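Let's start with one chain on its own, the form deposited without the named molecule, as structure tokens.
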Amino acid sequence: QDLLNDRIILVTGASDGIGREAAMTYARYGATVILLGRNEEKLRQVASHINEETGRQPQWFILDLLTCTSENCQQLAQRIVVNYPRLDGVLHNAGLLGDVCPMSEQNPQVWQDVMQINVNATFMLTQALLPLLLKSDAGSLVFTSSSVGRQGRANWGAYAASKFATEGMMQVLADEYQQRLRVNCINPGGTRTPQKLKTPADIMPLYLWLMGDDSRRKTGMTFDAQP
């Protein structure tokens, strides 16, 4: 089907399970996909597979969210502007889980890395990409949340803190961009990272819906890809 024909969508963390699947799904539904990640070799392989499966070859760009500066993000936007006239969607799928252990045991360097990737670099990249999103007829900006971004639970430490921060950033952005951008979060749920869990392919309907026109009047919300 053709939901995303003539839509240009950037996917971060594009080499991991959910990111790869989202990139492939968007391409299957007609999108021009841009892959972002740390490792050129993994991105090239993802792009090659998408091309084989869809006839569409995504371009890719390198950014390491753990260490990037705002200037690096601005340079990435500049590279995008040479080849693309707008972004219709940005899916922020990059992330670090970090330690799953009590607060008394959480490693402080790991905590700082989780916050730096999930919150600070995600913010910096969003800022760099807002002008391109504003050029869409209806840009859609999607962050990745978690159940522990809405109710903190024991052992989830930095990840929980970072996903609450993500919900808050999303809400601030949605308020600022009423009638200009749609800004929402997806909680993928527990995914096949065991036969008890759903696979990334199973949770794709919500990923598609948030990028297609059916969700144009939806902003400021957090959605569960499962339940």
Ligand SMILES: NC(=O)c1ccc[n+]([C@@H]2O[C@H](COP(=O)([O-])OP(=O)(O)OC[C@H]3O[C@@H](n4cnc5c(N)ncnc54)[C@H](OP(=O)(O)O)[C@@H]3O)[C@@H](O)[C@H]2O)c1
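One-based numbering along the sequence shown.
The following text describes the form deposited with the named molecule bound, which does not appear among the structures shown.
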The named molecule contact in the entry with it bound: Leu65, any heavy atom under 4.5 Å = yes
Contact label in the entry with it bound: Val142 to the named molecule, heavy atom within 4.5 Å | no
The named molecule contact at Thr193 in the entry with it bound, heavy atom, 4.5 Å = yes
May I ask you to check whether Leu125 falls inside a 4.5 Å heavy atom distance of the named molecule in the entry with it bound?
-> no
Flag this candidate site as yes only if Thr32, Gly89 and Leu210 all have a heavy atom within 4.5 Å of the named molecule in the entry with it bound; otherwise mark no.
-> no
Could you tell me which one of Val119, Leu130, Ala94, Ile80 places a heavy atom within 4.5 Å of the named molecule in the entry with it bound?
-> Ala94
With the named molecule left out of view, choose which of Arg180, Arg56, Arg38, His49 has a non-hydrogen atom within 4.5 angstroms of it in the entry with it bound.
-> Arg38
Restricting to 143-174, the residues within 4.5 Å of the named molecule in the entry with it bound through any heavy atom are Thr144, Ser145, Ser146, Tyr159, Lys163
